[PDB]
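Here you get one chain, nothing else, as structure tokens; it is the form deposited in one PDB entry.
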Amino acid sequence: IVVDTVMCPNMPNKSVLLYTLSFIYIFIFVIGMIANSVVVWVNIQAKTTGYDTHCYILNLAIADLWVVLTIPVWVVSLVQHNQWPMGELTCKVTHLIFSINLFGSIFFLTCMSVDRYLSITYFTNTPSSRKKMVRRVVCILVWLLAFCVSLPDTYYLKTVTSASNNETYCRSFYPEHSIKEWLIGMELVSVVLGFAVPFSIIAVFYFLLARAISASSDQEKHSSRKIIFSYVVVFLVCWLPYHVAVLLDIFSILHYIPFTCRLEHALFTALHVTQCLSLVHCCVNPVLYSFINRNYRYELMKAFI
């Protein structure tokens, strides 16, 4: 029964990494506020002009606005090497807002992906009233589902202070006899319901839309073929790296990888950097669906003047 001892030297450049990431996060927050705010304003203001503004766009803009608005709390906790000066209620409330809004944004991406194909094929001869009612029902259900899936993670979250480090943190405190399960459980719900199912639906229902547009002759003259694959690829690039980093973390936790201080440094750096890249997702959504479209450009130009 051999024994072994290993020390993990304190990381030298953590400060430099976190300071650079804060520099990126400030720009993310500023641009996200600007983009999402203007989209919501134009979406509300366009209904007067007579446009049939789509509800999903408005809900997506709101969800992105909330997620991006919760950044400053993260920045403050990040500058201080991930320590929680604030109280327990602040940590719970901020996490719940972040989780619910982020999940809602992803679900709305999937919803519009399906709705585009349904609109070209099936709803092409449905009265405006019926389609609007269906949209409202779907929007309410999506919000409810996001809230329901967000609750469990926040419920078990608590703030503590390290006995030795003498520093304050906020972290999840799952039931003593199920911690492992809970952890793994949440991650699956964070992946399947987060990436696998949404991405699969989006890819399939945009490929079908492209095929249908190809079968058409008048539409493809006015539409764009690449931009559809641009949506899919942008989603993949924004989200896949972060989920891959997360999956690597779980693999490390279960000891699927030998332990090395260098491994810890790379995982720490990768998780934080990919988190910043993922949050760029809320920054970029407004452009993909609103700024590209010519009608939005014209309406936004009119409003700006």
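The first residue of the shown sequence is 1; numbering continues from there. For the two forms, the rigid core is made up of the largest set of C-alpha atoms that agree within 1.5 Å on superposition.
The same protein has a further form, the form deposited in another entry, not shown here; the description that follows concerns it.
Which residue, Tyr155, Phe173, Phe205, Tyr169, is displaced 2 Å or more at the Cα between this form and the one not shown after superposing the core?
The only residue crossing the 2 Å threshold is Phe205.
Is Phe291 one of the residues whose Cα moves 2 Å or more between this form and the one not shown, with the core superposed?
Moves: yes, 2 Å or greater.
Comparing between this form and the one not shown on the rigid core: C-alpha of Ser230 shifted by 2 Å or more?
Yes, the C-alpha position differs by at least 2 Å between this form and the one not shown.
Shift of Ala63 between this form and the one not shown at or above 2 Å (CA, core fit):
The answer is no; the displacement is under 2 Å.
Do the C-alpha atoms of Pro72 and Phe291 sit closer or farther apart in that other deposited form than they do here, given a shift of 3 Å or more?
Closer in that other deposited form, by 3 Å or more.
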